[PDB]
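Okay, structure first, notes after.
Hydrogens, waters and symmetry mates play no part in the numbers below; they use all other heavy atoms, side chains included. Counting starts at 1 for both ligands and their atoms, in listed order. Note that the numbering runs from 1 along the sequence shown for the chain.
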Amino acid sequence: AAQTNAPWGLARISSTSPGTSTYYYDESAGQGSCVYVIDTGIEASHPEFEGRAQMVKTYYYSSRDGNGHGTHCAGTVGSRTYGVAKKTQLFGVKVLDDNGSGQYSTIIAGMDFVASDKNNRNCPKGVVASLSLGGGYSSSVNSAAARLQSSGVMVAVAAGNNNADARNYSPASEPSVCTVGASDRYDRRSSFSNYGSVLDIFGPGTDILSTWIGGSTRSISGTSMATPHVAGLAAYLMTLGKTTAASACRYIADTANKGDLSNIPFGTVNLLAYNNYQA
Ligand SMILES: [Ca+2]
């Protein structure tokens with residue numbers, strides 16, 4: 001399949017080179033996989049989701065995304081126009097309030113919720129979780145992310161936006177998950193992206209067009225935007241049978257575009273997520 005005039009980040013993850021605008025992907029498009037978006041919620045009624053999105057848990061008085069961030073992330077995972085895995089099922093877990101913040105205890109509870117809830121969902125090709133959140137180092141937050149990954153979910157987490165070593169942030173610093181840095185359309189490390197030996201992969205994170213609340217769209221930037229590109233890529237690859245939840249991060253790193261990013265500090269991977277699709 002070919003989607004012309006796609007958002008630059010979609011075009012980038014199916015290209016060996018920057019500067020193109022068509023997204024190429026196998027038409028299976030993540031069908032039969034599931035992605036949990038653990039964030040501010042998802043505006044499921046948005047047509048871009050085509051009935052494939054649903055809120056499954058909230059820790060607040062409503063399950064509505066009153067912020068937009070979770071809707072944007074979900075859109076990069078799996079919206080029809082802005083998504084990597086255009087046929088995946090999307091499940092929203094609202095651990096962040098409408099101001100975009102959440103207590104670590106609530107975030108931990110939402111991770112444990114996903115580890116159990118996947119047993120209530122039909123995801124024959126596999127389960128992914130996209131965590132575009134984080135704060136300072138917490139061993140409890142890291143151990144919750146580790147449990148989620150151990151349960152058989154491919155966990156993708158944002159590296160953080162501190163232009164610092166991700167070793168000091170959670171869940172970014174949990175070794176066993178897939179920690180995602182951000183790049184821009186000219187293949188630079190995004191100025192704000194964290195770095196360090198705990199990163200597994202980079203994805204597009206600067207000026208990312210996706211869905212927003214009120215049935216709208218907008219471009220925004222962050223490692224929060226890079227993470228759902230990798231989560232959607234994992235779902236896509238698991239539907240194609242190329243990898244499994246336990247192996248997807250390594251598979252993505254093995255098949256990534258290698259050595260092509262600028263402003264990568266010594267000791268940080270220079271790997272950019274790539275779907276290797278050959279039509
Ligand atoms: Ca890792």
Subject >> Pair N99-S101, side-chain donor/acceptor within less than 3.5 Å >> reply: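 Result is no, nothing qualifies.
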Subject >> For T22, side chain to side chain contact (heavy atoms under 4.5 Å, CB included) partners two or more places apart >> reply: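 For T22, the residues satisfying side chain to side chain contact (heavy atoms under 4.5 Å, CB included) (neighbours in sequence not counted) are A2, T4, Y24.
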Please report, to 0.1 Å, the donor-acceptor pairs under 3.5 Å made by any side chain of residues 253-267, with sequence neighbours excluded.
| from | atom 1 | to | atom 2 | distance (Å) |
| --- | --- | --- | --- | --- |
| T255 | OG1 | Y251 | O | 2.9 |
| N257 | ND2 | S15 | O | 2.8 |
| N263 | OD1 | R189 | NH2 | 3.3 |

Subject >> Cut-off under 3.0 Å, centre the Ca ion (ligand 1), protein N/O/S atoms >> reply: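 Correct list: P175 O, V177 O, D200 OD1, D200 OD2.
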Taking distance alone, no hydrogens or angles, what donor-acceptor pairs closer than 3.5 Å link side-chain atoms of residues 36-44 to residues at least two apart or in another chain?
| from | atom 1 | to | atom 2 | distance (Å) |
| --- | --- | --- | --- | --- |
| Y36 | OH | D117 | O | 3.4 |
| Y36 | OH | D117 | OD2 | 2.7 |
| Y36 | OH | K118 | N | 3.3 |
| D39 | OD1 | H69 | ND1 | 2.7 |
| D39 | OD1 | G70 | N | 3.2 |
| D39 | OD2 | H69 | ND1 | 3.1 |
| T40 | OG1 | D65 | OD1 | 2.8 |
| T40 | OG1 | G70 | N | 2.9 |
| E43 | OE1 | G214 | N | 2.8 |
| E43 | OE2 | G214 | N | 3.3 |
| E43 | OE2 | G215 | N | 2.9 |

Subject >> Check: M225 main-chain N/O paired with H72 side-chain donor or acceptor under 3.5 Å >> reply: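 No.
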Original post:
For the residue pair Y61 and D98, what are the closest heavy atoms and their distance?
Top reply: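 Scanning both residues completely, I find the closest heavy atoms to be OH-OD2, 4.0 Å.
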